[PDB]
Amino acid sequence: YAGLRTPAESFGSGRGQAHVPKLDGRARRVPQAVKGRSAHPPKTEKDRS
Amino acid sequence: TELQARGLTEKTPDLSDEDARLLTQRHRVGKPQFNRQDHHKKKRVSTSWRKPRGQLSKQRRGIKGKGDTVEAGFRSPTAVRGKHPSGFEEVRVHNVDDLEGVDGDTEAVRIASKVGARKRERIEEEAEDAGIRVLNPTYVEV
Amino acid sequence: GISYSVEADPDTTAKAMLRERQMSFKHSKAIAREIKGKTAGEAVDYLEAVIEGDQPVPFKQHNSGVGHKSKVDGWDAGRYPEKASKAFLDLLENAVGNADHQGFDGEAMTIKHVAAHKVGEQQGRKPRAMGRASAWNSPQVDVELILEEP
Amino acid sequence: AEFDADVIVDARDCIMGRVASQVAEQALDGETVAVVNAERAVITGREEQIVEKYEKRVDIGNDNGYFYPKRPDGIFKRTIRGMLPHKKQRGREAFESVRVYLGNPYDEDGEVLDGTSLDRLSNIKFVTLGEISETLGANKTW
RNA sequence: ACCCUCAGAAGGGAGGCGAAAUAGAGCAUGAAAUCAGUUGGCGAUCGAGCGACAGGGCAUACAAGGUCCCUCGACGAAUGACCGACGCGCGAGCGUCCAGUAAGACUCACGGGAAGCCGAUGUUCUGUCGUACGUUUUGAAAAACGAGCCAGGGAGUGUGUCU
RNA sequence: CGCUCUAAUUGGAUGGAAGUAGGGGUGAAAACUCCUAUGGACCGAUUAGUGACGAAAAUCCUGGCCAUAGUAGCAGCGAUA
RNA sequence: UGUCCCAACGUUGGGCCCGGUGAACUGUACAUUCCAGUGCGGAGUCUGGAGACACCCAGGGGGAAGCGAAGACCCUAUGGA
Ligand SMILES: [Cl-]
Ligand SMILES: [Cl-]
Ligand SMILES: [Cl-]
Ligand SMILES: [Cl-]
Ligand SMILES: [Cl-]
Ligand SMILES: [Cl-]
Ligand SMILES: [Cl-]
Ligand SMILES: [Mg+2]
Ligand SMILES: [Mg+2]
Ligand SMILES: [Mg+2]
Ligand SMILES: [Mg+2]
Ligand SMILES: [Mg+2]
Ligand SMILES: [Mg+2]
Ligand SMILES: [Mg+2]
Ligand SMILES: [Mg+2]
Ligand SMILES: [Mg+2]
Ligand SMILES: [Mg+2]
Ligand SMILES: [Mg+2]
Ligand SMILES: [Mg+2]
Ligand SMILES: [Mg+2]
Ligand code: NA
Ligand code: NA
Ligand code: NA
Ligand code: NA
Ligand code: NA
Ligand code: NA
Ligand code: NA
Ligand code: NA
Ligand code: NA
Ligand code: NA
Ligand code: NA
Ligand code: NA
Ligand code: NA
Ligand code: NA
Ligand code: NA
Ligand code: NA
Ligand SMILES: [Sr+2]
Ligand SMILES: [Sr+2]
Ligand SMILES: [Sr+2]
Ligand SMILES: [Sr+2]
Ligand SMILES: [Sr+2]
Ligand SMILES: [Sr+2]
Ligand SMILES: [Sr+2]
Ligand SMILES: [Sr+2]
Ligand SMILES: [Sr+2]
Ligand SMILES: [Sr+2]
Ligand SMILES: [Sr+2]
Ligand SMILES: [Sr+2]
Ligand SMILES: [Sr+2]
């Protein structure tokens, strides 16, 4: 759930801004966002044997 | 009273006629810079080479003036490829034991930068006595 | 802050610095530029005349919208930045003071080196229309001066 | 005011464009040329159409400007400039070592360049730079 | 610490400590964007994808590259003469011989020379070519879309099953 | 080709490691390497692995910064001080 | 009855110059342009010419198919309400 604990939403078109989820004026959640989730991180379910 | 370099600094390797010819060729023909397209137009774009991929790329399309595109055709002659400009083939050396097996007539030695002064001193006096030139010698005031 | 950006022989030189001054950096570049090469006493007389309004300071770079001044030589735009000028009088007062404490004839020494550097900005905000606020900052200026025997 | 010309060309009864073409060729070869008696240079054709063309060049223009010369002096020089890359360094140098004169300010007589002479006994349809200038409104100072 | 300066517990100067204060307080290192000063090159008559490749100017402490230039000679691929002689053409010119000769890129040797001198690096000038990049598109320099600049961040990963 | 960490084999470093800046050499190239200054403690190579492994771009994200500019505003309201 | 013919003079606050304070919008790059042409047919940057010594102040806004807003029209989606 790392990076997913936020209700951040995108404003969509209109304010001359990229459609990036934001909260309190801060971008969040998405992988390209600082403090955003990891796109394809190490996973516990992986069989390493 | 002046600075002098340790070892066989002026030593030249002995090459076959053909190798001296090809070494002379490599040096005469040279090659283009081969820097990435438009590296000079944007500071965030470095010089390090990248194949131009743009569908409309002028360099990719081979338009004269947009710089040469890396191709096997630019390869240097096998017989001389990689040689120091002096003609010597270089041997990376980290200690005295690395000097063993090195032919001072065909190879010159290059002491890793990480090696310290103490160990360099031994490596340098041991290479000179072995007839091996040291490409990056220590300069001492004698 | 800055460090002197030029070497100085202590036996024939006196130094001085201003730190984090809250004054126009743009005015400082202009003033430094204008007094470099002058004698301390000349620089002082010059700056007092600027503050008095009798001598304009050429604005050769930060000149947008600046009105021309007849007394400006070899250039057109100039002004009378009295604030930054007073800061320079302090700097000169310090330099010449140090100069004399060392045995030199302060006032007579040449301003060998003088340059202003923007060391930072004191930040401020200003409310604006439509529920937004924008920057309203103060420049922070350091300036170095090296005096040298004639 | 004194012009050490290596060559002095006499344009009298000579086809302007042909002289121009040769004076340009020589100027580019480093020759300093002085074209003399420009008012007497000649251009073949029907006077009415010829004048209509030069009148159009005079009427053309706007704020940027299309300053076209009216004196045979300038007409001829402009004619030469059009045969020189006057905006390039070598071109401006060539052009600048060429001067045109009304009458002949020298003591020597100009020489007639081969292939540029017009035989008045064999031609009735041609005009004179001076005539063109007068029509254009120039002040016949020659 | 002490001293000097200053309206001054500020700041500055000098000084003391420490291997180091360019370790003096968001005080290990200290990139880029970028700013001040300054060095080299260009610069107030001249033209715009900012360059690539050639070749000139000016600039260059050492180290990590050591080559380069001219006479002559040797070798000498494709190509390839002048002149002279003879013969044709109205003419521009051509044929035969001289002759596949002289010449001919590279490379080498002798003799002489260069050390800002050769390479290289910075900038600038000349020549040739040249209307970014990525994307959308039949067609992009595009009056189609994206980016102010830089740094850092930023996209084929796991389980199960099948082949 | 380059990056991380693991292992085996094997080396470097306070007689100065990594990093950074400027510069020399090699490689078609990814990139490798040396010199000098800074730095002041760590750093490799080979082989077999491992993978939150490579950016110029997404009105991409965050931080920093320049031109804009010494510019607009610091006048306008029946309360002109 | 200055809405108009047809505009004038004046008043107050700005505007302009000076001290102090001091933002923002916008920025791929280059950029002194003009006339024609060419080009995805609506070019400061391509071609040909013309013109063009550098910098600065004030101005009204012709152009940058100016800036601001992933067209509210129209169509398309086995979209939403
Ligand atoms: Cl290969
Ligand atoms: Cl500022
Ligand atoms: Cl005109
Ligand atoms: Cl031209
Ligand atoms: Cl006739
Ligand atoms: Cl050869
Ligand atoms: Cl893939
Ligand atoms: Mg996170
Ligand atoms: Mg770049
Ligand atoms: Mg103004
Ligand atoms: Mg409100
Ligand atoms: Mg620090
Ligand atoms: Mg091994
Ligand atoms: Mg990265
Ligand atoms: Mg890409
Ligand atoms: Mg403005
Ligand atoms: Mg009142
Ligand atoms: Mg839309
Ligand atoms: Mg509708
Ligand atoms: Mg519905
Ligand atoms: Na939260
Ligand atoms: Na598992
Ligand atoms: Na300026
Ligand atoms: Na003046
Ligand atoms: Na004046
Ligand atoms: Na004619
Ligand atoms: Na005209
Ligand atoms: Na050069
Ligand atoms: Na697109
Ligand atoms: Na494009
Ligand atoms: Na277009
Ligand atoms: Na901005
Ligand atoms: Na944006
Ligand atoms: Na009225
Ligand atoms: Na306008
Ligand atoms: Na609805
Ligand atoms: Sr919309
Ligand atoms: Sr080292
Ligand atoms: Sr300016
Ligand atoms: Sr000719
Ligand atoms: Sr001190
Ligand atoms: Sr032969
Ligand atoms: Sr970045
Ligand atoms: Sr990644
Ligand atoms: Sr700013
Ligand atoms: Sr008031
Ligand atoms: Sr108001
Ligand atoms: Sr043009
Ligand atoms: Sr205006």
Side-chain angles (χ1 to χ4, degrees), chain A residues 13-20 27 30-36 38-43 45-47, chain B residues 3 21 24 28 31-34 37-38 40-45 48-49 53-58 63-68 70-76 81-86 90 92 94-95 110 112-119 121 135-136 139, chain C residues 3 5-6 14-19 24 26-27 29 32 53 62-68 76-77 79-80 82-83 90-91 93-94 97-98 101-102 113 115-118 126 128 134-137, chain D residues 62-67 87 89:
Chain A
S13 297
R15 47 181 63 192
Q17 218 128 44
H19 300 182
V20 175
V30 299
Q32 74 269 37
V34 170
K35 304 304 299 287
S38 179
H40 294 298
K43 300 171 185 169
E45 321 77 288
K46 180 183 191 178
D47 184 348
Chain B
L3 289 175
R21 189 176 114 294
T24 283
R28 184 210 327 134
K31 59 182 164 193
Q33 300 182 69
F34 285 123
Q37 82 183 322
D38 300 341
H40 59 106
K41 285 172 172 159
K42 211 70 169 169
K43 287 196 175 178
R44 63 160 182 273
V45 176
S48 172
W49 179 268
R53 313 253 194 170
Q55 296 294 134
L56 305 166
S57 177
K58 303 303 166 297
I63 284 174
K64 173 187 287 178
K66 294 305 177 178
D68 287 296
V70 167
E71 289 183 302
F74 288 88
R75 280 289 221 173
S76 57
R81 186 184 303 169
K83 294 192 188 201
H84 178 274
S86 69
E90 295 196 5
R92 188 88 187 299
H94 305 281
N95 52 231
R110 184 154 233 145
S113 60
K114 197 182 297 173
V115 175
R118 176 191 301 141
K119 189 163 296 178
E121 183 180 50
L135 300 174
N136 61 321
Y139 284 70
Chain C
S3 289
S5 58
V6 166
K15 301 173 177 185
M17 274 200 281
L18 285 184
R19 299 293 203 184
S24 166
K26 296 185 179 187
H27 291 170
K29 310 188 208 194
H62 300 294
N63 55 3
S64 52
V66 183
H68 294 183
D76 43 20
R79 277 183 173 170
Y80 318 89
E82 63 89 35
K83 188 174 179 180
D90 279 349
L91 180 67
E93 169 176 68
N94 188 73
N98 299 176
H101 187 67
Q102 294 164 41
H113 185 270
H117 305 81
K118 185 166 191 184
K126 166 76 72 178
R128 297 274 229 149
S134 65
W136 203 259
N137 313 328
Chain D
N62 43 38
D63 289 335
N64 182 263
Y66 195 92
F67 146 66
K87 270 169 184 162
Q89 195 189 74

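The basis for the numbers below is simple: all heavy atoms, side chains too, and nothing from hydrogens, waters or symmetry mates. Throughout, a chain's letter reflects where its sequence line sits, starting with A, and its residues are numbered from 1.
- In this structure, of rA36(E), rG15(F), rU5(E), it is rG15(F) that holds the atom nearest to the side chain of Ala117(B).
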Protein N or O to nucleotides 159-163 of chain E N or O, pairs below 3.5 Å:
{"from": "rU159(E)", "atom 1": "OP1", "to": "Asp47(A)", "atom 2": "N", "distance (Å)": "2.9"}

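- Taking the P atoms as reference points, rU33(F) lies 36 Å from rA109(E), given to the whole Å.
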Requested in this report: With pairs defined as Watson-Crick or G-U wobble and both distances under 3.5 angstrom, please note down RNA chain G as a dot-bracket string, | for pairing with another strand.
Outcome: ...................||....|||((..[[[[[.....|))]]]]]...............................
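- Judged by ring-centre distance under 5.5 Å and interplanar angle under 30°, strand neighbours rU123(E) and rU124(E) are stacked.
- In this structure, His62(C) atom NE2 and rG22(G) atom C1' are separated by 15 Å, rounded to whole Å.
- In this structure, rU46(F) and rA8(F) make a Watson-Crick or G-U wobble pair, each of the two defining distances being under 3.5 angstrom.
- Contact check, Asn98(C) against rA14(E): no side-chain N or O comes under 4.0 Å of OP1 or OP2.
- In this structure, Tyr139(B) reaches the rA64(E) phosphate: one of its side-chain N or O atoms is under 4.0 Å from OP1 or OP2.
- Considering only the side chain of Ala16(C), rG12(E) comes nearest among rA70(G), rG156(E), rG12(E).
- For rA52(E), one of the phosphate oxygens OP1 or OP2 lies less than 4.0 angstrom from a side-chain nitrogen or oxygen of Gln33(B).
- In this structure, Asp68(B) and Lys118(C) both approach RNA chain E, and ranking their closest nucleotides by distance from the 5' end singles out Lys118(C).
- In this model, the phosphate group of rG49(E) is not approached by any side-chain N or O of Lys58(B) to a distance below 4.0 Å at OP1 or OP2.
- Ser24(C) meets the side-chain contact (heavy atoms from CB on, under 4.5 Å) test with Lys26(C), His27(C); sequence neighbours excluded.
- Within the 4.0 Å cut-off from OP1 or OP2 of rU26(F), not a single side-chain nitrogen or oxygen of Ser76(B) is found.
- Applying the side-chain hydrogen bond (donor to acceptor under 3.5 Å, both in side chains) test to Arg44(B) and every residue at least two apart in sequence or in another chain returns nothing.
- Within the 4.0 Å cut-off from OP1 or OP2 of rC106(E), not a single side-chain nitrogen or oxygen of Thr24(B) is found.
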Taking only N/O atoms, report every protein-nucleotides 42-49 of chain F pair under 3.5 Å with atom names and distance.
{"from": "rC43(F)", "atom 1": "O2'", "to": "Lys114(B)", "atom 2": "NZ", "distance (Å)": "2.8"}
{"from": "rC43(F)", "atom 1": "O2", "to": "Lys114(B)", "atom 2": "NZ", "distance (Å)": "3.1"}

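- Neither OP1 nor OP2 of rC129(E) sits under 4.0 Å from any side-chain N or O of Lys64(B).
- Rounded to whole Å, the separation between the P atoms of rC133(E) and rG49(E) comes to 13 Å.
- Take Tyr139(B) and apply the ring-ring contact (aromatic ring centres under 6.0 Å, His included) test, not counting sequence neighbours, and it matches no residue.
- Within the shown strands, nothing qualifies as a pairing partner of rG2(F) under the Watson-Crick or G-U definition with both distances less than 3.5 Å.
- For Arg92(B), the side-chain hydrogen bond (donor to acceptor under 3.5 Å, both in side chains) criterion is met by no residue, not counting sequence neighbours.
- Under the rule for a side-chain hydrogen bond (donor to acceptor under 3.5 Å, both in side chains), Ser64(C) has no partner lying at least two apart in sequence or in another chain.
- Considering only side-chain N and O atoms, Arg75(B) lies under 4.0 angstrom from the phosphate OP1 or OP2 of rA28(F).
- Comparing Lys31(B) and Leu135(B) along RNA chain F, the residue whose closest nucleotide (by nearest heavy atom) sits nearer the 5' end is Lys31(B).
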Below 3.5 Å is the cut-off: list the nitrogen or oxygen pairs between protein and nucleotides 50-57 of chain G, distance only.
{"from": "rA50(G)", "atom 1": "OP1", "to": "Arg81(D)", "atom 2": "NH2", "distance (Å)": "2.7"}
{"from": "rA50(G)", "atom 1": "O2'", "to": "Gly65(D)", "atom 2": "O", "distance (Å)": "2.6"}
{"from": "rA50(G)", "atom 1": "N7", "to": "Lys87(D)", "atom 2": "NZ", "distance (Å)": "3.3"}
{"from": "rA50(G)", "atom 1": "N3", "to": "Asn64(D)", "atom 2": "OD1", "distance (Å)": "3.4"}
{"from": "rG51(G)", "atom 1": "OP1", "to": "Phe67(D)", "atom 2": "O", "distance (Å)": "3.3"}
{"from": "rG51(G)", "atom 1": "OP1", "to": "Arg78(D)", "atom 2": "NH2", "distance (Å)": "3.2"}
{"from": "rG51(G)", "atom 1": "OP2", "to": "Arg81(D)", "atom 2": "NH1", "distance (Å)": "3.4"}
{"from": "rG51(G)", "atom 1": "OP2", "to": "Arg81(D)", "atom 2": "NH2", "distance (Å)": "3.0"}
{"from": "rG51(G)", "atom 1": "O4'", "to": "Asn64(D)", "atom 2": "OD1", "distance (Å)": "3.4"}
{"from": "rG51(G)", "atom 1": "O4'", "to": "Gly65(D)", "atom 2": "O", "distance (Å)": "3.4"}
{"from": "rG51(G)", "atom 1": "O2'", "to": "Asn64(D)", "atom 2": "O", "distance (Å)": "2.9"}
{"from": "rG51(G)", "atom 1": "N7", "to": "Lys87(D)", "atom 2": "NZ", "distance (Å)": "3.0"}
{"from": "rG51(G)", "atom 1": "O6", "to": "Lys87(D)", "atom 2": "NZ", "distance (Å)": "3.3"}
{"from": "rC56(G)", "atom 1": "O2'", "to": "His68(C)", "atom 2": "NE2", "distance (Å)": "3.0"}
{"from": "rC56(G)", "atom 1": "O2", "to": "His68(C)", "atom 2": "NE2", "distance (Å)": "3.4"}
{"from": "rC57(G)", "atom 1": "OP1", "to": "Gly65(C)", "atom 2": "N", "distance (Å)": "2.6"}

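- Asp38(B) contributes no side-chain N or O that forms a donor-acceptor pair with the base of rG51(E) under 3.5 Å.
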Between the protein and nucleotides 150-154 of chain E, list every N/O to N/O distance that falls short of 3.5 Å.
{"from": "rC150(E)", "atom 1": "OP1", "to": "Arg44(B)", "atom 2": "N", "distance (Å)": "2.7"}
{"from": "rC150(E)", "atom 1": "OP2", "to": "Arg44(B)", "atom 2": "NH1", "distance (Å)": "2.6"}
{"from": "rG153(E)", "atom 1": "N2", "to": "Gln32(A)", "atom 2": "O", "distance (Å)": "2.9"}

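- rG119(E) and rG55(E) have their P atoms separated by 9 Å, given to the nearest Å.
- Nucleotide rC88(E) forms a Watson-Crick or G-U wobble pair with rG93(E), both donor-acceptor distances falling under 3.5 Å.
- Between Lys43(A) and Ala27(A), the residue anchored closer to the 5' end of RNA chain F is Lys43(A), taking for each the nucleotide with the nearest heavy atom.
- Comparing atom distances between the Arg110(B) side chain and each of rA30(F), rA64(E), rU5(E) picks out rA64(E) as nearest.
- Taking a pair to require two hydrogen-bonding distances under 3.5 Å in either a Watson-Crick or a G-U wobble arrangement, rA99(E) remains unpaired.
- Listed nucleotides: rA52(F), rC34(F), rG12(F). Nearest to the side chain of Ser38(A): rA52(F).
- The phosphate of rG134(E) (OP1 or OP2) has a side-chain N or O of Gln37(B) nearer than 4.0 angstrom.
- When only modelled atom types and interatomic distance are considered, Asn94(C) and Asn98(C) share a side-chain donor-acceptor pair under 3.5 Å.
- The side chain of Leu56(B) lies closest to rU136(E) when the candidates are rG13(E), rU136(E), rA23(G).
- The side-chain hydrogen bond (donor to acceptor under 3.5 Å, both in side chains) search around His19(A) returns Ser13(A), not counting sequence neighbours.
- In this structure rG134(E) sits in a base pair with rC145(E), meeting the Watson-Crick or G-U test at under 3.5 Å.
- Between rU28(G) and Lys41(B), no contact under 4.0 Å exists linking OP1 or OP2 to a side-chain N or O.
- Applying the ring-ring contact (aromatic ring centres under 6.0 Å, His included) criterion to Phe74(B), with sequence neighbours excluded, gives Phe34(B).
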